[PDB]
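Peer 1: Contents are mmCIF, C-alpha atoms and all ligand atoms; file name upload.cif:
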```cif
data_input
#
loop_
_atom_site.label_atom_id
_atom_site.label_comp_id
_atom_site.auth_asym_id
_atom_site.auth_seq_id
_atom_site.Cartn_x
_atom_site.Cartn_y
_atom_site.Cartn_z
CA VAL A 536 0.00 0.00 0.00
CA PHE A 537 1.02 3.58 0.77
CA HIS A 538 4.24 5.20 1.87
CA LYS A 539 3.68 6.48 5.41
CA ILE A 540 4.52 10.17 5.85
CA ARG A 541 4.72 11.65 9.33
CA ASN A 542 2.62 14.56 10.59
CA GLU A 543 5.73 16.54 11.57
CA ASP A 544 6.53 17.12 7.89
CA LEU A 545 3.12 18.23 6.55
CA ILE A 546 1.72 21.77 6.95
CA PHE A 547 -1.90 22.53 6.01
CA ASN A 548 -2.37 25.78 4.10
CA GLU A 549 -5.44 27.17 2.29
CA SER A 550 -8.66 25.38 1.52
CA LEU A 551 -8.78 24.76 -2.22
CA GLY A 552 -12.22 23.14 -2.42
CA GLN A 553 -14.12 20.00 -1.52
CA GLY A 554 -15.10 16.71 -3.08
CA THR A 555 -17.61 14.07 -2.01
CA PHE A 556 -17.31 13.83 1.80
CA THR A 557 -13.81 15.32 1.51
CA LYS A 558 -11.92 18.52 2.31
CA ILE A 559 -9.07 19.54 0.00
CA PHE A 560 -6.16 21.83 0.90
CA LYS A 561 -2.89 23.20 -0.38
CA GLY A 562 0.02 22.09 1.77
CA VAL A 563 3.76 21.82 2.27
CA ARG A 564 5.80 18.65 2.75
CA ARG A 565 9.30 18.60 4.22
CA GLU A 566 11.38 15.87 2.64
CA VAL A 567 14.78 14.55 1.70
CA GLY A 568 14.89 14.55 -2.09
CA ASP A 569 17.44 13.48 -4.65
CA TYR A 570 21.07 13.51 -3.44
CA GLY A 571 19.98 13.80 0.17
CA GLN A 572 18.79 17.32 -0.65
CA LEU A 573 16.23 18.90 1.67
CA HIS A 574 13.05 20.08 -0.03
CA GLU A 575 9.84 21.67 1.14
CA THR A 576 7.47 20.50 -1.58
CA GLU A 577 4.02 21.83 -2.39
CA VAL A 578 1.47 19.07 -1.95
CA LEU A 579 -2.26 18.45 -1.98
CA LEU A 580 -3.92 17.10 1.18
CA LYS A 581 -7.33 15.44 0.87
CA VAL A 582 -9.12 14.76 4.17
CA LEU A 583 -12.05 12.37 4.49
CA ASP A 584 -14.85 14.14 6.38
CA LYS A 585 -15.11 13.45 10.11
CA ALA A 586 -18.75 12.34 9.89
CA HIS A 587 -18.18 10.06 6.88
CA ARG A 588 -15.15 8.12 8.18
CA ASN A 589 -16.97 4.82 7.58
CA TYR A 590 -16.33 5.38 3.85
CA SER A 591 -12.57 5.29 4.54
CA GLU A 592 -12.01 1.94 2.82
CA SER A 593 -13.36 3.07 -0.56
CA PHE A 594 -11.76 6.49 -0.03
CA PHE A 595 -8.28 4.93 0.11
CA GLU A 596 -8.76 2.09 -2.39
CA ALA A 597 -9.78 4.64 -5.03
CA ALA A 598 -6.42 6.35 -4.55
CA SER A 599 -4.75 2.93 -4.31
CA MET A 600 -5.57 2.28 -7.98
CA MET A 601 -3.85 5.42 -9.31
CA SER A 602 -0.69 4.50 -7.38
CA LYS A 603 -0.68 0.93 -8.74
CA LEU A 604 -0.02 2.26 -12.25
CA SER A 605 2.21 4.93 -13.74
CA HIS A 606 1.25 7.10 -16.70
CA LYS A 607 1.97 10.70 -17.61
CA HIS A 608 -1.75 11.62 -17.43
CA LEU A 609 -2.45 10.05 -14.01
CA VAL A 610 -2.10 12.10 -10.82
CA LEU A 611 0.76 11.06 -8.55
CA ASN A 612 0.17 9.84 -4.99
CA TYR A 613 2.84 10.62 -2.41
CA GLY A 614 1.46 8.65 0.53
CA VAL A 615 -0.90 8.97 3.49
CA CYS A 616 -0.45 11.26 6.47
CA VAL A 617 -0.43 9.53 9.76
CA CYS A 618 -2.34 11.31 12.37
CA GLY A 619 -4.75 9.15 14.15
CA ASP A 620 -8.29 10.11 13.93
CA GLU A 621 -7.88 11.28 10.40
CA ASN A 622 -7.70 9.94 6.88
CA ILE A 623 -5.33 12.14 4.86
CA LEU A 624 -4.06 11.50 1.34
CA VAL A 625 -1.01 13.44 0.18
CA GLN A 626 -0.97 13.90 -3.59
CA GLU A 627 0.60 15.91 -6.40
CA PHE A 628 -0.26 19.60 -6.16
CA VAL A 629 -1.25 20.82 -9.62
CA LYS A 630 -0.73 24.54 -10.07
CA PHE A 631 -3.82 25.44 -12.13
CA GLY A 632 -6.52 23.40 -10.38
CA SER A 633 -9.63 21.86 -11.86
CA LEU A 634 -10.46 22.03 -15.56
CA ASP A 635 -13.91 22.50 -14.22
CA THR A 636 -13.45 26.00 -12.90
CA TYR A 637 -10.76 26.72 -15.50
CA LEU A 638 -13.41 26.26 -18.21
CA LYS A 639 -15.91 28.50 -16.42
CA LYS A 640 -13.31 31.21 -15.78
CA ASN A 641 -11.90 30.95 -19.33
CA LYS A 642 -15.11 30.10 -21.17
CA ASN A 643 -14.57 32.76 -23.93
CA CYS A 644 -10.90 32.07 -24.83
CA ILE A 645 -11.12 28.39 -25.56
CA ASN A 646 -11.06 27.56 -29.22
CA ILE A 647 -12.00 24.05 -30.24
CA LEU A 648 -8.30 23.34 -30.82
CA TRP A 649 -7.54 23.68 -27.10
CA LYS A 650 -10.67 21.59 -26.42
CA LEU A 651 -9.67 18.90 -28.92
CA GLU A 652 -6.12 18.72 -27.53
CA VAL A 653 -7.42 18.25 -23.98
CA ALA A 654 -9.95 15.63 -25.12
CA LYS A 655 -7.18 13.65 -26.84
CA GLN A 656 -5.07 13.69 -23.68
CA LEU A 657 -8.12 12.57 -21.68
CA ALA A 658 -8.94 9.73 -24.08
CA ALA A 659 -5.28 8.67 -23.99
CA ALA A 660 -5.52 8.29 -20.21
CA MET A 661 -8.85 6.46 -20.52
CA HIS A 662 -7.39 4.21 -23.22
CA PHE A 663 -4.52 3.32 -20.87
CA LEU A 664 -7.03 2.42 -18.17
CA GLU A 665 -8.98 0.31 -20.67
CA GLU A 666 -5.99 -1.80 -21.76
CA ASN A 667 -5.24 -2.43 -18.05
CA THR A 668 -8.85 -3.61 -17.53
CA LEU A 669 -9.23 -0.96 -14.89
CA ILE A 670 -12.31 1.08 -14.02
CA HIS A 671 -12.05 4.72 -13.01
CA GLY A 672 -15.67 5.45 -12.35
CA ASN A 673 -15.81 9.17 -12.11
CA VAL A 674 -14.64 10.95 -15.20
CA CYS A 675 -15.78 14.55 -14.78
CA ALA A 676 -14.17 17.87 -15.59
CA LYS A 677 -13.65 18.51 -11.87
CA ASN A 678 -11.46 15.38 -11.66
CA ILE A 679 -9.22 16.79 -14.43
CA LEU A 680 -6.22 18.87 -13.37
CA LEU A 681 -4.31 21.37 -15.50
CA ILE A 682 -0.54 20.94 -15.19
CA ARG A 683 0.26 23.56 -17.81
CA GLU A 684 -1.58 26.26 -19.72
CA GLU A 685 -1.48 26.71 -23.48
CA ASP A 686 1.23 29.40 -23.56
CA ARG A 687 -0.48 31.44 -26.26
CA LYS A 688 2.83 33.11 -27.07
CA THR A 689 4.41 29.87 -28.18
CA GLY A 690 2.58 27.06 -29.93
CA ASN A 691 2.63 24.85 -26.92
CA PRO A 692 -0.42 22.86 -25.85
CA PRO A 693 -2.03 22.50 -22.43
CA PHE A 694 -1.22 19.40 -20.39
CA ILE A 695 -3.85 17.85 -18.10
CA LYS A 696 -3.88 14.97 -15.64
CA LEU A 697 -6.61 12.73 -14.21
CA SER A 698 -7.20 12.51 -10.46
CA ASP A 699 -8.75 9.92 -8.10
CA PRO A 700 -12.30 8.70 -8.67
CA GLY A 701 -12.97 9.16 -4.95
CA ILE A 702 -15.39 7.07 -2.93
CA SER A 703 -16.93 4.44 -5.18
CA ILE A 704 -20.49 4.85 -6.43
CA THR A 705 -20.66 1.21 -5.33
CA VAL A 706 -21.14 2.48 -1.78
CA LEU A 707 -22.37 6.10 -1.95
CA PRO A 708 -25.96 6.73 -1.03
CA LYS A 709 -28.59 7.03 -3.73
CA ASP A 710 -29.24 10.73 -3.22
CA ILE A 711 -25.63 11.22 -3.89
CA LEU A 712 -25.82 8.88 -6.89
CA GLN A 713 -28.60 10.95 -8.46
CA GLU A 714 -27.20 14.51 -8.55
CA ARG A 715 -24.26 13.23 -10.60
CA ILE A 716 -26.70 12.58 -13.42
CA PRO A 717 -25.67 12.64 -16.22
CA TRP A 718 -22.16 11.54 -15.17
CA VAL A 719 -23.40 8.29 -13.62
CA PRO A 720 -24.54 6.06 -16.50
CA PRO A 721 -28.15 4.83 -16.58
CA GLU A 722 -27.29 1.21 -15.75
CA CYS A 723 -25.59 2.19 -12.49
CA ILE A 724 -28.69 4.01 -11.23
CA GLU A 725 -30.51 0.73 -11.82
CA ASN A 726 -28.04 -0.87 -9.45
CA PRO A 727 -24.44 0.32 -8.93
CA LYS A 728 -23.25 -3.23 -9.51
CA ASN A 729 -23.58 -2.52 -13.22
CA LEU A 730 -20.20 -0.80 -12.85
CA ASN A 731 -18.11 -1.98 -15.80
CA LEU A 732 -15.39 -0.58 -18.05
CA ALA A 733 -18.26 0.72 -20.20
CA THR A 734 -19.15 3.14 -17.38
CA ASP A 735 -16.20 5.37 -18.27
CA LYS A 736 -17.25 5.59 -21.92
CA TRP A 737 -20.53 7.21 -20.87
CA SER A 738 -18.97 9.62 -18.36
CA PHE A 739 -16.24 10.63 -20.83
CA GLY A 740 -19.07 11.67 -23.15
CA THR A 741 -20.45 13.89 -20.40
CA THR A 742 -17.02 15.40 -19.72
CA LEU A 743 -16.76 16.07 -23.46
CA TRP A 744 -20.01 18.00 -23.09
CA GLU A 745 -18.61 20.02 -20.16
CA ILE A 746 -15.40 20.80 -22.05
CA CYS A 747 -17.44 22.16 -24.98
CA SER A 748 -20.12 23.98 -22.93
CA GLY A 749 -17.66 26.41 -21.34
CA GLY A 750 -18.17 24.78 -17.96
CA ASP A 751 -21.93 24.62 -17.80
CA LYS A 752 -23.12 21.65 -15.80
CA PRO A 753 -25.33 19.37 -17.93
CA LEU A 754 -28.89 19.22 -16.58
CA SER A 755 -28.06 21.58 -13.71
CA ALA A 756 -31.60 23.02 -13.84
CA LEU A 757 -33.12 19.61 -12.98
CA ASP A 758 -33.54 18.28 -9.47
CA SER A 759 -32.89 14.61 -8.62
CA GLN A 760 -36.43 13.42 -9.40
CA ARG A 761 -36.36 15.07 -12.84
CA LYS A 762 -32.84 13.74 -13.45
CA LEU A 763 -34.25 10.23 -13.07
CA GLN A 764 -37.07 11.03 -15.48
CA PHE A 765 -34.43 12.27 -17.92
CA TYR A 766 -33.03 8.74 -18.04
CA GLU A 767 -36.39 6.97 -18.06
CA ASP A 768 -37.49 9.01 -21.08
CA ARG A 769 -34.01 8.09 -22.43
CA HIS A 770 -33.29 11.65 -23.58
CA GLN A 771 -29.88 12.87 -24.72
CA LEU A 772 -27.88 15.95 -23.80
CA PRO A 773 -28.41 18.95 -26.09
CA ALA A 774 -25.74 19.65 -28.66
CA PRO A 775 -23.38 22.44 -27.54
CA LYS A 776 -22.95 25.57 -29.63
CA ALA A 777 -19.42 24.34 -30.12
CA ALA A 778 -21.02 21.37 -31.85
CA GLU A 779 -18.15 19.57 -33.60
CA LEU A 780 -18.16 16.88 -30.88
CA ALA A 781 -21.93 16.49 -30.37
CA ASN A 782 -21.94 13.26 -32.38
CA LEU A 783 -19.01 11.81 -30.43
CA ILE A 784 -20.74 12.80 -27.18
CA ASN A 785 -23.87 10.93 -28.24
CA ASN A 786 -22.06 7.81 -29.47
CA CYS A 787 -20.23 7.71 -26.14
CA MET A 788 -23.41 8.30 -24.10
CA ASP A 789 -25.13 5.21 -25.51
CA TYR A 790 -27.98 3.78 -23.44
CA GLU A 791 -26.76 0.28 -24.26
CA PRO A 792 -23.36 -0.17 -22.55
CA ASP A 793 -22.16 -2.79 -25.06
CA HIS A 794 -22.43 -0.32 -27.96
CA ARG A 795 -20.25 2.45 -26.53
CA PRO A 796 -17.13 2.70 -28.70
CA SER A 797 -13.77 1.62 -27.37
CA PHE A 798 -11.33 4.36 -26.48
CA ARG A 799 -9.17 3.10 -29.35
CA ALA A 800 -12.05 4.06 -31.66
CA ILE A 801 -12.75 7.28 -29.73
CA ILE A 802 -9.17 8.43 -30.35
CA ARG A 803 -9.32 7.69 -34.09
CA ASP A 804 -12.60 9.60 -34.52
CA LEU A 805 -11.20 12.40 -32.34
CA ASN A 806 -8.10 12.52 -34.58
CA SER A 807 -10.09 12.71 -37.84
CA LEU A 808 -10.92 16.39 -37.24
CA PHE A 809 -8.86 18.74 -39.49
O1 LIG B 1 -9.72 18.84 -6.74
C1 LIG B 1 -8.60 18.46 -6.83
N1 LIG B 1 -7.56 19.49 -6.88
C2 LIG B 1 -6.12 19.25 -6.99
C3 LIG B 1 -5.44 18.06 -7.05
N2 LIG B 1 -4.07 18.35 -7.18
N3 LIG B 1 -3.92 19.75 -7.21
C4 LIG B 1 -5.16 20.31 -7.11
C5 LIG B 1 -5.53 21.80 -7.07
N4 LIG B 1 -4.82 22.83 -7.34
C6 LIG B 1 -5.28 24.02 -7.22
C7 LIG B 1 -4.83 25.31 -7.42
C8 LIG B 1 -5.68 26.40 -7.19
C9 LIG B 1 -5.18 27.86 -7.38
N5 LIG B 1 -5.36 28.47 -8.70
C10 LIG B 1 -6.06 29.76 -8.54
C11 LIG B 1 -6.29 30.41 -9.95
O2 LIG B 1 -5.70 29.63 -10.97
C12 LIG B 1 -6.21 28.34 -10.98
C13 LIG B 1 -6.09 27.64 -9.64
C14 LIG B 1 -6.99 26.16 -6.72
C15 LIG B 1 -7.47 24.84 -6.51
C16 LIG B 1 -6.62 23.77 -6.76
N6 LIG B 1 -6.76 22.24 -6.66
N7 LIG B 1 -8.25 17.03 -6.90
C17 LIG B 1 -9.20 15.90 -6.87
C18 LIG B 1 -10.24 15.92 -8.00
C19 LIG B 1 -10.69 16.10 -6.55
#
```
Go ahead and render the structure in this file as structure tokens.
Peer 2:
Amino acid sequence: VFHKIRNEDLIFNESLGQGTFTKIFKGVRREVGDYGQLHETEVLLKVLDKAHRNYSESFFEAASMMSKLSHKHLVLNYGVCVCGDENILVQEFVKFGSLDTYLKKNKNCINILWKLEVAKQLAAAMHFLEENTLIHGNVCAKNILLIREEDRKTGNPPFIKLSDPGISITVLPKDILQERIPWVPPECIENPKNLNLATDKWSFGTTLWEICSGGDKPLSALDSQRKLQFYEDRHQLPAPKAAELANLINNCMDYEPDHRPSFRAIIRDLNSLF
């Protein structure tokens, strides 16, 4: 499992946000680096809520997966802080935060080139998970982290990474399973044991919607009840103004899991644009 990192070396700084039953902070780690050097490294500290500690098994196994593989688009895990009454994951601090809020805050300066480049990097990471027969389970723009911006003054591209899935939808309560419509695929609302590789093909389609909709949240005007009726009337998401990917979004968000294209195919289609 995890490298154990002592409390004496971690220093909690500013709240950066929250996830599902989790508090997320910028931090500082003291450590001996390469050549016996001493570093004080910026980290990310993710605390499992005090009330929801019973979820700690899924909370840590979800991070356990990312640390079992190694790929340039997967977020690095440094270890777990050892306190006592706490569950703290220490992870790679990414300077530019969530694609989620980056898209909102930059909604007007994103040409479909920048979008397409980020989608290719995301499919690459999802294709690597697919060949390893490994389920993520929570592909959403808020689980995507921006290592590097475009540098509009050179021709460099952005570079993103993919973070933890967090607590499994296997165990979360149903009210929590139903606001993440349309990220949770329709079979998993039926019963979360429908979790399969095919889950990520649906959710990737929803993230593709988010990336094109300047950070709107799909179906944000609907409450839970209506979100369920969205799936029972088997509707689709509307096509974004930026519409070049509306077909790919729909092919990915297929109501039959066995028909969702492989990420091999998703990449090829994604590459066939000018
Ligand atoms: O939410 C997460 N955030 C991070 C993981 N590693 N590094 C981060 C992270 N890094 C962050 C950095 C900022 C500061 N910048 C302010 C303006 O420019 C953009 C962000 C804010 C929030 C940030 N979160 N991780 C998992 C998906 C739930």
Peer 1: I want to know what sits within 12 Å of segment 656-670 of chain A, based on only C-alpha atoms, with residues of the same chain fewer than 6 positions away left out; could you give that as a ChimeraX atom specification?
Peer 2: /A:597,600-601,603-610,634,649-650,676,678-681,692-700,703-704,729-740,742-743,746,787,796-806
Peer 1: Can you write just those residues out, C-alpha atoms, as a short mmCIF file (atom, residue, chain, number, x, y, z; two decimals), keeping the file's coordinate frame?
Peer 2:
```
data_model
loop_
_atom_site.label_atom_id
_atom_site.label_comp_id
_atom_site.auth_asym_id
_atom_site.auth_seq_id
_atom_site.Cartn_x
_atom_site.Cartn_y
_atom_site.Cartn_z
CA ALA A 597 -9.78 4.64 -5.03
CA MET A 600 -5.57 2.28 -7.98
CA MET A 601 -3.85 5.42 -9.31
CA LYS A 603 -0.68 0.93 -8.74
CA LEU A 604 -0.02 2.26 -12.25
CA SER A 605 2.21 4.93 -13.74
CA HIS A 606 1.25 7.10 -16.70
CA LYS A 607 1.97 10.70 -17.61
CA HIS A 608 -1.75 11.62 -17.43
CA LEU A 609 -2.45 10.05 -14.01
CA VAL A 610 -2.10 12.10 -10.82
CA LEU A 634 -10.46 22.03 -15.56
CA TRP A 649 -7.54 23.68 -27.10
CA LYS A 650 -10.67 21.59 -26.42
CA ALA A 676 -14.17 17.87 -15.59
CA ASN A 678 -11.46 15.38 -11.66
CA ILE A 679 -9.22 16.79 -14.43
CA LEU A 680 -6.22 18.87 -13.37
CA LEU A 681 -4.31 21.37 -15.50
CA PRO A 692 -0.42 22.86 -25.85
CA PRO A 693 -2.03 22.50 -22.43
CA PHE A 694 -1.22 19.40 -20.39
CA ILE A 695 -3.85 17.85 -18.10
CA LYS A 696 -3.88 14.97 -15.64
CA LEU A 697 -6.61 12.73 -14.21
CA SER A 698 -7.20 12.51 -10.46
CA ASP A 699 -8.75 9.92 -8.10
CA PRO A 700 -12.30 8.70 -8.67
CA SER A 703 -16.93 4.44 -5.18
CA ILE A 704 -20.49 4.85 -6.43
CA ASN A 729 -23.58 -2.52 -13.22
CA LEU A 730 -20.20 -0.80 -12.85
CA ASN A 731 -18.11 -1.98 -15.80
CA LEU A 732 -15.39 -0.58 -18.05
CA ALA A 733 -18.26 0.72 -20.20
CA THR A 734 -19.15 3.14 -17.38
CA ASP A 735 -16.20 5.37 -18.27
CA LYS A 736 -17.25 5.59 -21.92
CA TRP A 737 -20.53 7.21 -20.87
CA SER A 738 -18.97 9.62 -18.36
CA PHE A 739 -16.24 10.63 -20.83
CA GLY A 740 -19.07 11.67 -23.15
CA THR A 742 -17.02 15.40 -19.72
CA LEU A 743 -16.76 16.07 -23.46
CA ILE A 746 -15.40 20.80 -22.05
CA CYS A 787 -20.23 7.71 -26.14
CA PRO A 796 -17.13 2.70 -28.70
CA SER A 797 -13.77 1.62 -27.37
CA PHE A 798 -11.33 4.36 -26.48
CA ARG A 799 -9.17 3.10 -29.35
CA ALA A 800 -12.05 4.06 -31.66
CA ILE A 801 -12.75 7.28 -29.73
CA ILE A 802 -9.17 8.43 -30.35
CA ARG A 803 -9.32 7.69 -34.09
CA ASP A 804 -12.60 9.60 -34.52
CA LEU A 805 -11.20 12.40 -32.34
CA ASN A 806 -8.10 12.52 -34.58
#
```
Peer 1: As an exercise, work out the distance from atom CA of residue 772 of chain A to atom CA of residue 753 of chain A in Å and give it to one decimal place.
Peer 2: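 Those two atoms sit 7.3 Å apart.
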Peer 1: Show me, as a PyMOL selection string, the residues that have an atom within 8 Å of segment 635-648 of chain A when counting all atoms listed in the file, minus same-chain residues fewer than 2 positions from it.
Peer 2: chain A and resi 631-633+650-652+676-679+745-747+749-751+777
Peer 1: Please determine, counting all atoms listed in the file, which residue among A:599, A:713, A:542, A:782 has the shortest atom-to-atom distance to residue 619 of chain A.
Peer 2: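 Looking only at the distances to residue 619 of chain A, the closest residue turns out to be A:542.
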Peer 1: Using all atoms listed in the file, which of the listed residues (A:783, A:711, A:540, A:624) sits closest to ligand LIG 1 (chain B)?
Peer 2: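 The closest residue to ligand LIG 1 (chain B) is A:624.
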Peer 1: What does the distance between atom CA of residue 793 of chain A and atom CA of residue 766 of chain A come to in Å, to one decimal place?
Peer 2: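 These two atoms are separated by 17.3 Å.
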Peer 1: So that I can check the surroundings of residue 705 of chain A, please list as a list in words every protein, DNA and RNA residue that reaches within 12 Å of it, counting all atoms listed in the file and ignoring chain neighbours fewer than 6 positions away.
Peer 2: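 Near residue 705 of chain A, the qualifying residues are residues 590, 592, 593, 594, 597, 672, 673, 711, 712, 719, 723, 724, 725, 726, 727, 728, 729, 730 and 731 of chain A.
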Peer 1: At what distance in Å, to one decimal, does atom CA of residue 612 of chain A lie from atom CA of residue 539 of chain A?
Peer 2: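 Atom-to-atom, atom CA of residue 539 of chain A to atom CA of residue 612 of chain A, that is 11.5 Å.
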Peer 1: Taking 3 positions as the minimum chain separation for residues in the same chain, which residues sit within 9 Å of segment 565-567 of chain A when counting all atoms listed in the file? Answer as a list in words.
Peer 2: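 Selected residues are residues 543, 544, 545, 546, 570, 571, 572, 573, 574, 575 and 576 of chain A.
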Peer 1: Write to file, as a PDB file, in the frame of the given file, the residues of the selection just made, with C-alpha atoms.
Peer 2:
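Just written: selection39.pdb:
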```pdb
ATOM      1  CA  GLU A 543       5.730  16.540  11.570  1.00  0.00           C
ATOM      2  CA  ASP A 544       6.530  17.120   7.890  1.00  0.00           C
ATOM      3  CA  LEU A 545       3.120  18.230   6.550  1.00  0.00           C
ATOM      4  CA  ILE A 546       1.720  21.770   6.950  1.00  0.00           C
ATOM      5  CA  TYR A 570      21.070  13.510  -3.440  1.00  0.00           C
ATOM      6  CA  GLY A 571      19.980  13.800   0.170  1.00  0.00           C
ATOM      7  CA  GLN A 572      18.790  17.320  -0.650  1.00  0.00           C
ATOM      8  CA  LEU A 573      16.230  18.900   1.670  1.00  0.00           C
ATOM      9  CA  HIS A 574      13.050  20.080  -0.030  1.00  0.00           C
ATOM     10  CA  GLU A 575       9.840  21.670   1.140  1.00  0.00           C
ATOM     11  CA  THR A 576       7.470  20.500  -1.580  1.00  0.00           C
TER      12      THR A 576
END
```
Peer 1: Here is a test: counting only C-alpha atoms and all ligand atoms, which residue of A:582, A:780, A:559, A:706 is nearest to ligand LIG 1 (chain B)?
Peer 2: A:559
Peer 1: From the options A:682, A:623, A:586, A:754, which residue's atoms come nearest to ligand LIG 1 (chain B), counting only C-alpha atoms and all ligand atoms?
Peer 2: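 Among the listed residues, the smallest separation from ligand LIG 1 (chain B) belongs to A:682.
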Peer 1: Between A:755, A:741, A:807, A:626, which one has atoms that come closest to ligand LIG 1 (chain B), using all atoms listed in the file?
Peer 2: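 Residue with the minimum atom-to-atom distance to ligand LIG 1 (chain B): A:626.
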